[PDB]
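So this first bit is one chain, no partners, the form deposited in one PDB entry, shown in structure tokens.
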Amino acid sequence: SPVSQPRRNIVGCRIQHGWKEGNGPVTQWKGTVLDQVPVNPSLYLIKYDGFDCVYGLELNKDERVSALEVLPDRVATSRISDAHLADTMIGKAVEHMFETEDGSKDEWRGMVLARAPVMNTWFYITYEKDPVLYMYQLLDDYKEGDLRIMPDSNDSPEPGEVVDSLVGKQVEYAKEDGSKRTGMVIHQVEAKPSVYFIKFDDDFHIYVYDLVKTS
């Protein structure tokens, strides 16, 4: 919708702010606001420049954020290499090759949850050894041979609708002391209904977990 509304729709807009760790140096980041969480509209999903990881920050009500300012810059909504190769891999497990500075190539098994909002050329991906929300343009790792999609028992798109969604829930965990790992489920992956986006307090990372309460 081109015409604006009194509420400021700050989703899909390049922003810029100062980050201050308590009694530390002030850093300057810019990035793209990807989404806003409906079960807590204070939270926005942000992708910083040069950073593959997606972060969840309560930008207006946070104290660590300084000089929040919206750039006149526009996100490059653009070309989709193939509408079919992307999503032929969504919901499938993959092995993503990453190489260290030494040159020693490694592999990380993970699953492609969805397609990124705002930057459509990017894919939502989470890894097993590191279960958080990352953003990579996989359409490139495949062409260069750094991404392998492997055969698995994944039927992809009661037969009738079930009330299954756990969005809006409240979670707590067995932290060894260290306060308590409290949080809230904020999203359900539309390709894998068992996989959920969780957002804990005292943390700005979007965790991608699989909730079934029993294997």
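All residue numbers refer to positions in the sequence shown, first residue = 1. Take the two forms, superpose them, and find the largest set of C-alpha atoms that agree within 1.5 Å; that set is the rigid core.
Although not depicted, the form deposited with a partner chain bound is the subject of the following passage.
Asker: Heavy atom to heavy atom, is residue 185 within 4.5 Å of its partner chain in the deposited complex?
Answerer: Looking in the deposited complex, residue contacts with its partner chain include residue 185, since a heavy atom lies within 4.5 Å.
Asker: Would you check, heavy atoms only and a 4.5 Å threshold, whether residue 148 touches its partner chain in the deposited complex?
Answerer: Contact with its partner chain, no.
Asker: Heavy atom to heavy atom, is residue 63 within 4.5 Å of its partner chain in the deposited complex?
Answerer: Judged by the heavy-atom cut-off of 4.5 Å, residue 63 is well away from its partner chain in the deposited complex.
Asker: Verify the contact flag for residue 111: yes if a non-hydrogen atom of it lies within 4.5 Å of a non-hydrogen atom of its partner chain in the deposited complex, no if not.
Answerer: Yes, contact at 4.5 Å.
Asker: Taking 166, 198 and 212 as the candidate spot, are all three within 4.5 angstroms of its partner chain in the deposited complex by heavy atoms?
Answerer: All of them do, each having a heavy atom within 4.5 Å of the partner.
Asker: With both forms fit on the core, is the shift of the CA atom of residue 41 between this form and the one not shown 2 Å or larger?
Answerer: No; residue 41 is a residue whose C-alpha shifts by less than 2 Å between this form and the one not shown when the cores are overlaid.
Asker: Just checking, between this form and the one not shown and with the core aligned, does residue 180 shift 2 Å or more at the CA?
Answerer: Yes.
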